[PDB]
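One structure is given here, and the rest of the page talks about it.
Values below: every heavy atom of this structure, side chains too, minus hydrogens, waters and symmetry copies. Reminder, nothing fancy here: chain letters follow the sequence lines and each chain counts from 1.
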Amino acid sequence: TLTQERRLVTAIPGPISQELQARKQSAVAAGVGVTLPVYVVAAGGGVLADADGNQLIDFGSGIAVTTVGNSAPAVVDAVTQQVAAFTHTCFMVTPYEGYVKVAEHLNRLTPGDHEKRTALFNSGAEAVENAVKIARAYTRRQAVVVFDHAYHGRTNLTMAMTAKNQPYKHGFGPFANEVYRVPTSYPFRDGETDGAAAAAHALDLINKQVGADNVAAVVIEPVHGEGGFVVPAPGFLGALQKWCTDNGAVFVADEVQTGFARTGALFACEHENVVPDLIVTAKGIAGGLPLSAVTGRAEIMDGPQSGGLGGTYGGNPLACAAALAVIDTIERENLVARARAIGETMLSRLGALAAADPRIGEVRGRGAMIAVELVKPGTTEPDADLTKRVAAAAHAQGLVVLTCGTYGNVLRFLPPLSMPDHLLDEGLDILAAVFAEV
Amino acid sequence: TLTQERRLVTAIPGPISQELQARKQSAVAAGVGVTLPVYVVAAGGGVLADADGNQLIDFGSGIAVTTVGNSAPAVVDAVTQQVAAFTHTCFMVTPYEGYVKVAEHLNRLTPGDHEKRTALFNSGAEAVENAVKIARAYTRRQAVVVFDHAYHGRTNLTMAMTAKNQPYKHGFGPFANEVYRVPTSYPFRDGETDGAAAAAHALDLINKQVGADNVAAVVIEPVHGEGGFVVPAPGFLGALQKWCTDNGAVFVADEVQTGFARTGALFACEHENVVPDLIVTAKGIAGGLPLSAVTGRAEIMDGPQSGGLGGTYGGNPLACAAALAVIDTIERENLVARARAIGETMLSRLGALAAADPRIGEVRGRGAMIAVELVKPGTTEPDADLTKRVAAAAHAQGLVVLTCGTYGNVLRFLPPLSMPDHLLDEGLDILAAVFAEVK
């Protein structure tokens with residue numbers, strides 16, 4: 001019930017948003033920084049409508065969360081029905097069928113034929129924490145291996161596991177220990193197209209410095225998200241999986257950002273036929289509502305004793321109902337193929353921008369998870385400055401585009417799969433205009 | 001749909017619930033243990049309705065979450081309107097008024113008159129993690145002081161801060177360090193009704209073993225929930241606050257369980273006119289939806305740099321709508337007063353029961369957070385076995401009572417404030433008959 005149309009009625013942000021921001025600055029901790037202070041009142045399809053009557057094109061999905069669309073009809077109906085029945089029971093006090101059905105679908109849909117079990121929580125960070133807890137409990141080992149460019153969350157442990165100090169970790173430690181980091185595969189920067197070769201180097205550091213028998217878990221994102229939409233070279237994730245099986249360590253795919261159709265497969269692990277021991281999901285899973293999950297090999301998942309896993313809110317009834325509608329909408333609207341169509345278009349348009357603008361060092365990603373890295377032309381020297389100039393101009397023309405990167409020089413595109421063709425095209429036109437302006 | 005009456009149509013749990021439990025066992029990880037495997041289909045007022053047609057009296061509130069009632073009408077309305085508008089933007093990308101309004105209301109309603117700021121998250125563990133991040137960033141100190149009988153959550157750091165190893169911590173370490181624990185005030189077991197004297201020993205341990213200028217935060221629940229509804233003697237929390245103010249440490253009140261009307265004041269800190277540096281809230285704040293908060297002195301809250309506090313889902317639009325509804329409901333329906341009236345009924349009935357039955361060692365708590373600790377008669381030796389059996393027998397008669405305690409020997413009562421008087425009475429009648437029945 002909102003027109004799929006870009007609309008700038010005021011300056012961005014407009015007067016009502018600026019008043020709301022003054023309120024924010026008086027009521028809310030400074031640490032909660034706001035990228036684009038336009039205050040949202042409705043959203044759907046490919047549009048965010050703000051308090052001043054503006055409609056902006058959404059190339060963010062709330063950081064890859066509203067993959068099925070903001071207030072997707074099936075989600076709305078399901079949440080509206082669930083909230084009238086009950087809001088919360090604590091599943092561990094008195095359970096409910098929604099939790100159990102979400103677990104069944106996850107067990108069914110994630111990679112591999114083997115027997116699987118699931119546990120539900122609220123946030124990504126919490127699901128990662130729980131993946132580590134499951135692995136230590138099953139293996140009775142201590143060490144967790146993580147990678148360069150990794151991002152896993154804002155709890156103490158998930159901050160330990162995250163690579164970048166500023167601003168995720170700065171001043172918040174000391175950090176949970178027996179966490180060891182080794183290089184990832186980042187071909188633009190490491191010069192190595194062969195993932196098997198890059199994995200050998202990572203695995204040698206694990207063998208020599210950590211000890212294969214001391215490793216509970218090897219934890220990696222299939223595409224490093226906040227780290228710059230960095231995609232390991234083919235062979236890399238596969239060689240980590242084999243090492244884990246061989247040495248009795250639990251291989252954990254962190255699919256918090258890549259899961260649920262985002263990459264042109266239902267899960268990113270599918271791209272290379274990777275079957276992980278555990279898989280962490282969140283963001284896209286419940287179309288906006290707070291839900292996260294750990295799914296994996298039954299025997300590993302069953303490692304922790306009864307009552308050893310939990311949390312008060314986890315697998316909240318409204319969130320499960322929303323997750324079931326998300327799963328149905330993915331199947332019903334074939335959004336996995338829609339993610340592939342969107343990527344074809346974005347890679348084509350961005351490839352053509354890069355062909356004529358050498359400030360784009362690389363275009364990378366798949367499906368609806370695409371990025372450009374901005375550098376000094378012909379080099380790998382980062383240009384964070386240009387990147388902030390580009391985002392600021394793009395926001396000013398009503399396009400919501402996000403930045404990331406270990407070096408602050410990556411522009412990422414996470415459109416919802418409900419984005420209409422004509423708005424995807426217009427958003428890309430705006431991007432071209434901006435690179436022509438700046 | 002839902003009649004406010006207890007209804008036992010099948011054995012507890014019935015056949016439909018039993019097939020659902022077998023599905024749970026095939027699909028959900030064994031670690032997510034289930035206390036009472038009746039599968040809920042509807043809830044409201046004082047009642048949980050299960051898949052077999054049973055209606056159970058709810059003395060657990062989902063562990064102190066549905067204080068305003070399950071699916072409270074203002075919540076249902078607020079959530080229904082919000083979901084049709086938007087589900088999520090991530091506040092840190094493009095914000096929305098609901099988050100800011102909730103922060104303003106927390107700033108206004110929490111103890112103290114000074115200027116405050118608030119930040120919003122999803123779970124209690126998350127909020128407590130963030131109180132520690134915030135205290136560490138402002139003070140530039142490392143150490144966090146926690147207490148005996150504490151529970152703060154299931155994340156690595158909140159596991160560290162939690163006292164009891166079994167089953168919260170066992171096998172999940174190693175744990176985030178520079179966490180240091182000292183004794184609390186527990187009059188039934190320590191003999192000391194002077195809270196100020198209990199504090200002196202705790203503070204002397206902080207002084208000598210941590211060092212006052214290394215202490216970033218002192219974190220305590222005003223009533224220890226999971227630990228057995230242990231209520232510190234008067235003057236304990238006051239002495240901690242003062243010591244923190246004098247030594248530059250952040251006093252953090254963890255009111256995740258105790259907040260929002262539960263204890264017969266809006267925040268349990270009010271009972272002793274305690275004004276904490278930071279207060280952590282959750283559970284009852286959003287009437288079932290996942291939301292948590294940290295609120296406190298502006299300077300301290302602004303310690304962390306821009307971009308340092310975050311989380312994709314935090315302050316979710318639906319949850320904020322719910323929270324605004326909860327706050328308005330508490331005010332409109334006078335739920336703080338209502339919590340006092342419930343505490344009065346529960347303290348008198350349970351008191352009478354304790355006068356006749358010396359297996360009850362103590363009745364304790366305030367408002368709708370009341371507990372009985374069970375012991376071998378004439379001693380303080382814990383009786384966990386009796387506590388499990390009384391709880392099981394209550395459940396068999398359709399009363400959802402929960403248990404807790406470091407020694408496993410505490411029966412806790414967390415009725416919703418929407419509990420009709422007649423069902424409060426019948427639940428207590430059920431407890432009395434169960435104590436008479438179970439030897």
Side-chain angles (χ1 to χ4, degrees), chain A residues 23-24 27-36 38 40 42-43 60 62-63 65 70-71 76 79-80 83-90 93-96 100 103-104 117 119 122-123 129 133 137 154-157 167 171-172 176 178 288 290 301-302 304-309 311-313 316, chain B residues 23-24 27-36 38 40 42-43 62-63 65 70-71 76 79-80 83-90 93-96 100 103-104 117 119 122-123 129 133 137 154-157 167 171-172 174 176 288 290 301-302 304-313 316:
Chain A
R23 281 170 62 193
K24 182 268 179 172
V28 178
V32 180
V34 172
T35 302
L36 180 47
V38 295
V40 179
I63 324 291
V65 166
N70 231 303
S71 301
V76 172
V79 168
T80 303
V83 70
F86 62 95
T87 48
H88 168 92
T89 67
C90 187
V93 169
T94 52
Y96 38 89
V100 174
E104 282 162 340
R117 297 287 184 280
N122 312 290
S123 70
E129 288 250 4
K133 290 170 81 170
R154 320 276 206 125
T155 60
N156 187 282
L157 175 55
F172 305 138
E178 300 314 306
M301 291 294 304
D302 284 339
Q305 74 181 305
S306 193
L309 299 182
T312 290
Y313 289 126
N316 173 274
Chain B
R23 287 172 56 199
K24 183 273 188 177
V28 179
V32 181
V34 169
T35 307
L36 178 58
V38 301
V40 169
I63 325 184
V65 175
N70 233 299
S71 294
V76 171
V79 165
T80 296
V83 72
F86 55 101
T87 45
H88 164 95
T89 67
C90 183
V93 176
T94 53
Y96 41 89
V100 173
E104 289 165 333
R117 297 288 181 283
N122 311 286
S123 69
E129 290 250 12
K133 290 166 76 150
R154 307 287 202 144
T155 68
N156 182 286
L157 177 60
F172 304 140
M301 293 291 301
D302 290 339
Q305 77 180 311
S306 187
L309 300 189
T312 301
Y313 283 136
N316 164 274

Relative to chain B, which of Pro290(A), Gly60(A), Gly171(A) shows the most heavy atom pairs under 4.5 Å? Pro290(A)
Considering non-hydrogen atoms only, spot the tightest contact between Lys133(A) and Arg154(B) and give its length. NZ-O, 2.8 Å
Can you tell which of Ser123(A), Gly311(A), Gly308(A), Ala137(A) has the highest number of heavy-atom pairs within less than 4.5 Å of chain B? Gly308(A)
Chi angles and distances behind the side-chain contact (heavy atoms from CB on, under 4.5 Å) call for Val83(B), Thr80(A): CA-CA 8 Å; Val83(B) 72; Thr80(A) 303; 3.5 Å; yes
Shortest non-hydrogen contact between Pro174(B) and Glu178(A), atoms and distance: CG-CG, 3.8 Å
Hey, which of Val76(A), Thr35(A), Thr312(A), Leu309(A) has the most heavy atom pairs under 4.5 Å with chain B? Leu309(A)
On a heavy-atom basis, which atom in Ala103(B) and which in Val28(A) lie closest, and how many Å separate them? CB-CG2, 3.9 Å
For the student: nearest non-hydrogen atoms of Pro167(A) and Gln305(B), plus distance: CB-NE2, 3.3 Å
Count the heavy-atom pairs under 4.5 Å between each of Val100(B), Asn122(B), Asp302(B), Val40(B) and chain A, then report the option with the highest count. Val40(B)
Heavy atoms only, distances under 4.5 angstrom: which of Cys90(A), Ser71(A), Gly33(A) has the most pairs with chain B? Name it, please. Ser71(A)
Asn316(B), part contacting chain A, at a heavy-atom distance under 4.5 Å: side chain
Counting heavy-atom pairs closer than 4.5 Å to chain A, which one of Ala43(B), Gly310(B), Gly62(B), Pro304(B) comes out on top? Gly62(B)
Between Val79(A) and chain B, with a heavy-atom cut-off of 4.5 Å, which part of the residue counts as in contact: side chain, backbone, both or neither? side chain
Shortest non-hydrogen separation from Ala176(B) to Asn156(A) and the atoms involved: CB-OD1, 3.6 Å
To check you understand the geometry: which heavy-atom pair defines the closest contact between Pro95(A) and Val38(B), and what is its length? CD-O, 3.3 Å
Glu104(B): which residues meet the salt bridge (charged side-chain N to carboxylate O under 4.0 Å, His left out) condition with it, sequence neighbours left out? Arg23(A)
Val65(B) vs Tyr313(A), test: side-chain contact (heavy atoms from CB on, under 4.5 Å). Steps then yes/no. CA-CA 9 Å; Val65(B) 175; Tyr313(A) 289 126; 4.0 Å; yes
As a quick check of understanding, evaluate side-chain contact (heavy atoms from CB on, under 4.5 Å) for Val93(A) and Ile63(B), giving each step before the final call. CA-CA 8 Å; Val93(A) 169; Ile63(B) 325 184; 3.6 Å; yes
For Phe172(B), enumerate each residue passing the ring pair (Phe, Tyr, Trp, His ring centres under 6.0 Å) test, keeping only those at least two apart in sequence or located in another chain. none
